[PDB]
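Laboratory data are not the source of any read-out in this text; all were calculated from the coordinates shown.
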Amino acid sequence: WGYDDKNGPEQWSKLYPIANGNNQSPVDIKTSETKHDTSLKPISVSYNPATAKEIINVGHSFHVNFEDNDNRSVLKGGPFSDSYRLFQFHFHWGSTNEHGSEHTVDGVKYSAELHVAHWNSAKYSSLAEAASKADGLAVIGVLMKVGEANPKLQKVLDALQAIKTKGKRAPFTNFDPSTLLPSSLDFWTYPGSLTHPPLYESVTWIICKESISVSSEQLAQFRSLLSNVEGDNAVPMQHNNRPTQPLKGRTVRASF
Ligand SMILES: NS(=O)(=O)c1cc(-c2nnn[nH]2)c(NCc2cccs2)cc1Cl
Ligand SMILES: [Zn+2]
């Protein structure tokens, strides 16, 4: 699976027919159609930098994975009664600065998007159990607007040189990804899906109102990762953002 013409978002529905389901992600958030929900509590994140484990080139992207054997690193609040356990963060980007976010806001496309992913450790005992459950996953999305270089990305960007080709992996330790979140945690929430196969409709999306910055040159560092395995002809990871999907009657709630 990838973002090419023959393995990309338009091809996913042949093995994953949920791609055409009613709770698919990402979406365009129309702010005139959001419903302010008074019952939404503030997002609370409390992550232990010691849970940072590994950075991996997965061919179409890179993932930073976390130790998830215990509740050292948790998300609570917002729409949730259950505590969610941090397990990964990653980014999405586009071929040029003009697009690359997954979510849009009032049709506006940003240059990239951060995803911070968690699984419901109150109700389930593993990511594998949680992955397919309607209440199983919680992902914070942060829209990334091209502009000033973001110094909080530095450890992540410095690590990429050790995972240049598909399947390379390296230790990635002592990192608290709450340092990447915007200063305001005002958010939108809706019920949706993984944005990559297998596209399970198991994700409660938390989309931050406030963007964070990224430079043109930092985006170029993402696009210079290689989708090929070592020794093959180099094939840059140009883009990995899924198009926005129909809301199909879902309501986006606003904390603000
Ligand atoms: N983009 S996203 O909706 O945040 C997302 C994307 C992926 C992905 N992207 N590439 N490969 N996997 C993912 N992988 C881990 C899994 C969890 C459960 C089953 S597989 C988890 C999340 Cl939440
Ligand atoms: Zn993602």
Under 18 Å from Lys14, Cα to Cα: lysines that are on another chain or at least 8 residues apart = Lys6
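Rg to Rh ratio, the stretch 129-256, alpha-carbon atoms and Kirkwood radius?
Value, to two decimals: 0.99.
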Determine the relative contact order of the stretch 85-138: mean sequence separation of Cα pairs under 8 Å and six or more apart, normalised by residue count, in whole percent.
-> 31
On full extension of the chain, what length is gained from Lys6 through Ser95, given 0.36 nm per residue of separation minus the C-alpha to C-alpha distance?
-> 30.3 nm
Determine Rg/Rh for the stretch 199-256; Rg is computed over alpha-carbon atoms and Rh is the Kirkwood hydrodynamic estimate from the same atoms.
-> 1.10
Checked against a 20 Å limit on the C-alpha separation, the offending pairs among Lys53/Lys164; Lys30/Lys109; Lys109/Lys145; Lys145/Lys209; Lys41/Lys248; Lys109/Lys133 are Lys41/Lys248; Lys109/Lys133
Which three lengths, in whole Å and largest first, does the stretch 58-192 cover when its Cα atoms are put on their principal axes?
-> 40, 38, 26
Under the Karplus curve 6.51 cos²θ - 1.76 cosθ + 1.60, θ = phi - 60°, whole-Hz ³J(HN,Hα) for the stretch 74-85, x wherever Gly or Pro sits = 9, 9, 9, x, x, x, 9, 9, 8, 7, 10, 9
Report, as a whole number in µm² per second, the diffusion coefficient that Stokes-Einstein gives for the chain at 37 °C and 0.692 mPa s using the Kirkwood radius over alpha carbon pairs.
-> 178
Straight-line reach from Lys123: which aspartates and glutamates have Cα under 20 Å away, leaving out those fewer than 8 places along the same chain?
-> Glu67, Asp68, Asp70, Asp82, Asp135, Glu201
State the Cα centre-to-centre distance between the stretch 178-235 and the stretch 81-159 in whole Å.
-> 5
